[PDB]
Amino acid sequence: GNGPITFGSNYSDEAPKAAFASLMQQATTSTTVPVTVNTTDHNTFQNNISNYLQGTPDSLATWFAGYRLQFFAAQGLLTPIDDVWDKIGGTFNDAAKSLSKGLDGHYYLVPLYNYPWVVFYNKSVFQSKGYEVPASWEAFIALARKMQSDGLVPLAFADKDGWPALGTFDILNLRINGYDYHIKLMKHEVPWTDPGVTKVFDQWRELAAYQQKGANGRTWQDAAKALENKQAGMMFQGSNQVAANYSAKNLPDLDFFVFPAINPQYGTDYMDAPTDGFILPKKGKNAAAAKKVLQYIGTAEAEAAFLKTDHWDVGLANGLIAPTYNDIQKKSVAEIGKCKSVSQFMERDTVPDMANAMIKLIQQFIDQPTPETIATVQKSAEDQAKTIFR
């Protein structure tokens with residue numbers, strides 16, 4: 001019941017590979033279970049996942065919350081871990097529990113860390129110009145308008161990379177229609193022609209008045225540099241992007257606020273906070289020992305250990321403020337922990353083909369944000385969805 005397990009790992013980059021190796025040494029010291037880490041190139045591992053689970057997988061593997069976790073669990077490829085959760089459940093909130101379950105209500109994932117998609121700004125600028133953090137869409141638009149009058153681009157914005165704008169779609173949908181609807185849309189339980197989608201794009205027509213021009217030709221780093229150089233007042237994106245891009249000298253001035261409330265029914269209850277974790281392949285060997293290792297992974301100590309050298313991701317364990325966290329991380333723990341549910345970014349909440357189809361359609365909207373373009377986007381997205389989810 002304690003024999004060596006194997007661990008399939010997509011941590012191929014130097015820093016996380018070293019952190020994961022150290023973490024497994026700590027796991028063995030605690031649980032007695034020895035571990036062999038089988039590392040595969042990150043992208044390759046992702047690309048081979050279904051074939052991997054169906055072949056002769058490792059005892060445990062790295063994965064993450066979202067559509068594919070639920071797809072594999074639905075398919076019978078994953079061992080449920082309700083037993084692990086009987087031991088570790090007290091450490092996690094409702095959002096953490098939700099993102100760890102399959103459609104059938106069993107647990108399949110042990111999560112480790114996430115990071116937030118939120119609106120960044122410079123504290124010194126807000127202090128100097130008399131800008132207040134907006135809780136509501138009305139205050140947000142009023143602030144954007146004040147910024148324009150002050151000669152500042154309100155929202156630095158970039159989408160040459162294709163994926164950044166998906167975050168704006170997600171947050172508008174979570175704020176207008178709510179989490180349950182957003183996930184239904186992701187799963188194609190609601191069609192892209194649904195009026196809730198029209199309402200998202202209608203809201204974006206307003207927002208786009210305050211978004212940086214030339215976005216489709218701009219890299220996200222160039223938008224982040226605009227914020228850093230004080231040429232823009234705010235920028236909405238992931239903290240492991242915007243904050244990571246800041247120089248060490250300017251990072252002290254960086255802060256963020258959650259995207260403002262639009263429909264008070266959903267307040268600011270939801271956020272894209274992509275969450276990485278671990279699964280137990282049904283076809284893996286030595287399940288009993290693998291479960292002991294998962295129990296260890298589902299602790300504050302495990303999260304703090306892995307995250308020592310990670311400057312942006314934060315643990316999901318209740319009350320964990322690791323001694324290595326910076327100010328951005330401390331606020332991230334607080335703001336992510338307040339959410340009732342967290343989504344995982346469009347690329348992980350729907351199938352890849354569907355997210356990729358939306359990239360181009362959203363660029364088309366950005367190029368011409370009109371009612372006719374919205375109708376075109378909705379029809380094109382729904383037709384793509386019918387082919388993808390067949």
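Quick note: residue numbers are just sequence positions, from 1. FYI, side chains are in, hydrogens and waters are out, and symmetry mates aren't considered; it's all heavy atoms of this structure.
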* Asked: Parallel, tilted or perpendicular: which fits the ring planes of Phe278 and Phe7, with parallel below 30° and perpendicular above 60°?
  -> perpendicular
* Does a side chain donor of either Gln221 or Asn245 reach within less than 3.5 Å of an acceptor in the other side chain? -> no
* Test of ring centre spacing under 6.0 Å for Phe201 and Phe169 -> yes
* Asked: Which of parallel (below 30°), tilted (30 to 60°) and perpendicular (above 60°) describes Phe92 and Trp85?
  -> tilted
* Can you tell me if CG on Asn43 sees more than 12 non-hydrogen neighbours from other groups inside 6.0 Å? -> yes
* To do: To the nearest 0.5 angstrom, please state how far the CD1 atom of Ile5 sits from the CG atom of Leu280.
  => 8.5 Å
* To do: State, to 0.1 Å, how close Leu99 and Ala65 come at their nearest heavy-atom pair, and which atoms those are.
  => O-CB, 3.5 Å
* Taking the six-membered ring of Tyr108, is NZ or CZ of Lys101 closer than 6.0 Å to its centre and within 45° of its axis? -> no
* To do: Keeping the roles fixed (side chain from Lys285, backbone from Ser59), state whether a donor-acceptor pair exists under 3.5 Å.
  => no
* **Closest heavy-atom pair and its distance - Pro164, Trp117** => O-CZ3, 3.6 Å
* Asked: Does a donor on one side chain and an acceptor on the other come within less than 3.5 Å for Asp269 and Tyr179?
  -> no
* At what distance, to the nearest 0.5 angstrom, does CG of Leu166 lie from CE of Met358? -> 8.0 Å
* Between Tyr270 and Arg175, do the side chains contain an N or O donor and an N or O acceptor separated by less than 3.5 Å? -> no
* Asked: Should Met354 and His188 be marked as a side chain to side chain contact (heavy atoms under 4.5 Å, CB included) after you check the CA-CA gap, both sets of side-chain angles, and the distance that decides it?
  -> CA-CA 10 Å; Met354 191 61 245; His188 196 53; over 6 Å; no
* Hey, are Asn356 and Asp353 close enough side-chain-wise for a donor-acceptor pair under 3.5 Å? -> no
* Asked: Given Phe259 and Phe140, is the ring-ring contact (aromatic ring centres under 6.0 Å, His included) satisfied, shown in steps?
  -> CA-CA 9 Å; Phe259 199 94; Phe140 187 57; 5.4 Å; yes
* Asked: What class does the angle between the rings of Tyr67 and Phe389 fall in, given that below 30° is parallel, 30 to 60° is tilted and above 60° is perpendicular?
  -> perpendicular
* Would you check if there is a donor-acceptor pair between the side chains of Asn10 and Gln46 at a distance under 3.5 Å? => yes
* Asked: Under 3.5 Å, side chain of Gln237 to main-chain N/O of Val118, donor-acceptor pair present?
  -> no
* **Distance under 6.0 Å and angle within 45° of ring axis: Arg348 vs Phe64** => yes
* **Min side-chain heavy-atom separation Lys331-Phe256 under 4.5 Å** => yes
* Return yes if some donor-acceptor pair links the side-chain N/O of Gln212 with the main-chain N/O of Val153 below 3.5 Å, else return no. => no
* Asked: Below 4.0 angstrom, N of the basic side chain to O of the carboxylate: do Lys379 and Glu382 qualify?
  -> no
* In a check of side-chain hydrogen bond (donor to acceptor under 3.5 Å, both in side chains) between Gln378 and each of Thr198, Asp194, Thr193, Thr373, which one passes? -> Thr198
* Please report the shortest heavy-atom distance between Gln344 and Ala273, naming the atom on each side. => OE1-O, 3.6 Å
* Asked: Hey, are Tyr246 and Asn122 close enough side-chain-wise for a donor-acceptor pair under 3.5 Å?
  -> yes
* Answer whether the closest heavy-atom distance between the side chains of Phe157 and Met235 falls below 4.5 Å. => no
* Asked: Going by distance alone, is a donor N or O of one side chain under 3.5 Å from an acceptor N or O of the other, for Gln70 and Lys187?
  -> yes
* Asked: For atom CZ of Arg145, is the number of surrounding heavy atoms from other residues, nucleotides or ligands below 6.0 Å larger than 12?
  -> no
* To do: Check whether any side-chain heavy atom of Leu320 sits under 4.5 Å from a side-chain heavy atom of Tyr325, and report yes or no.
  => yes
* Can you tell me if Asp94 uses its side chain to pair, donor with acceptor, with the backbone of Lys340 under 3.5 Å? -> no
* Donor-acceptor pair, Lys123 side chain versus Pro252 backbone, under 3.5 Å? -> yes
* Do the side-chain N and O atoms of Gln211 and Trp204 include a donor-acceptor pair separated by under 3.5 angstrom? -> yes
* Asked: Between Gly167 and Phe345, what is the shortest heavy-atom contact and its length?
  -> N-CE1, 3.6 Å
* Start with the C-alpha gap between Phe306 and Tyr11, add the side-chain angles, then the distance that decides, and say whether ring-ring contact (aromatic ring centres under 6.0 Å, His included) holds. => CA-CA 12 Å; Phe306 181 81; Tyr11 293 122; 5.3 Å; yes
* State, yes or no, whether a side-chain contact exists between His182 and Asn177 at a heavy-atom distance under 4.5 Å. => no
* Asked: Taking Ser12 for the side chain and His42 for the main chain, is one N or O donor matched with an acceptor at less than 3.5 Å?
  -> yes
* Would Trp192 and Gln384 satisfy side-chain hydrogen bond (donor to acceptor under 3.5 Å, both in side chains), going step by step from the backbone distance to the final call? -> CA-CA 9 Å; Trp192 287 83; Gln384 284 277 359; over 6 Å; no
* Side-chain H-bond candidate by donor/acceptor type, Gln25 with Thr29, under 3.5 Å -> no
* **Check ion pair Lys225-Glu228 (N to O, under 4.0 angstrom)** => yes
* **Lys199 atom NZ, neighbour heavy-atom count above 12 within 6.0 Å** => yes
* Taking C-beta and beyond as the side chain, do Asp327 and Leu254 meet within less than 4.5 Å on heavy atoms? -> no
* **Exercise: identify the closest heavy-atom pair between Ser343 and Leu174** => OG-CD1, 3.4 Å
* Are more than 12 heavy atoms from other residues, nucleotides or ligands located less than 6.0 Å from atom NZ of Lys360? -> no
* Asked: Does the pair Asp383/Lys386 count as a salt bridge with the N-to-O cut at 4.0 Å?
  -> yes
* Hey, does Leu207 have a side-chain heavy atom less than 4.5 Å from the side chain of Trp137? -> yes
* Side-chain contact, heavy-atom cut-off 4.5 Å: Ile362 with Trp163? -> no
* Does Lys292 use its side chain to pair, donor to acceptor, with the backbone of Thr31 at less than 3.5 Å? -> yes
* **Carboxylate-amine/guanidinium proximity below 4.0 Å for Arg218 and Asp159** => no
* To do: Only counting residues at least two apart or in another chain, list the ones meeting ring-ring contact (aromatic ring centres under 6.0 Å, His included) with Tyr121.
  => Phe126, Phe257
* Asked: Would a 4.5 Å heavy-atom cut-off, applied to side chains only, mark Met271 and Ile336 as touching?
  -> yes
* **Polar contact flag, side-chain donor to acceptor under 3.5 angstrom, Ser124-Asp253** => yes
* Structure fact -> Taken to the nearest 0.5 Å, the spacing of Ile88 CD1 from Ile297 CD1 works out to 9.5 Å
* Report yes or no: does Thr91 contribute a side-chain atom to a donor-acceptor pair with the main-chain N or O of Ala317 at less than 3.5 Å? => no
* To do: For the pair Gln329 (side chain) and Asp313 (backbone), establish whether a donor and an acceptor sit closer than 3.5 Å, ignoring hydrogens and angles.
  => yes
* To do: Rounded to the nearest 0.5 Å, what's the gap from CG on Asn173 to OH on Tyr181? Could you check?
  => 6.0 Å
* Counting N and O atoms only, with roles assigned by atom type, does the side chain of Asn263 sit under 3.5 Å from a partner on the main chain of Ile176, one being a donor and the other an acceptor? -> yes
* **Interatomic distance, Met186 atom CE to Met346 atom CE [nearest 0.5 angstrom]** => 4.5 Å
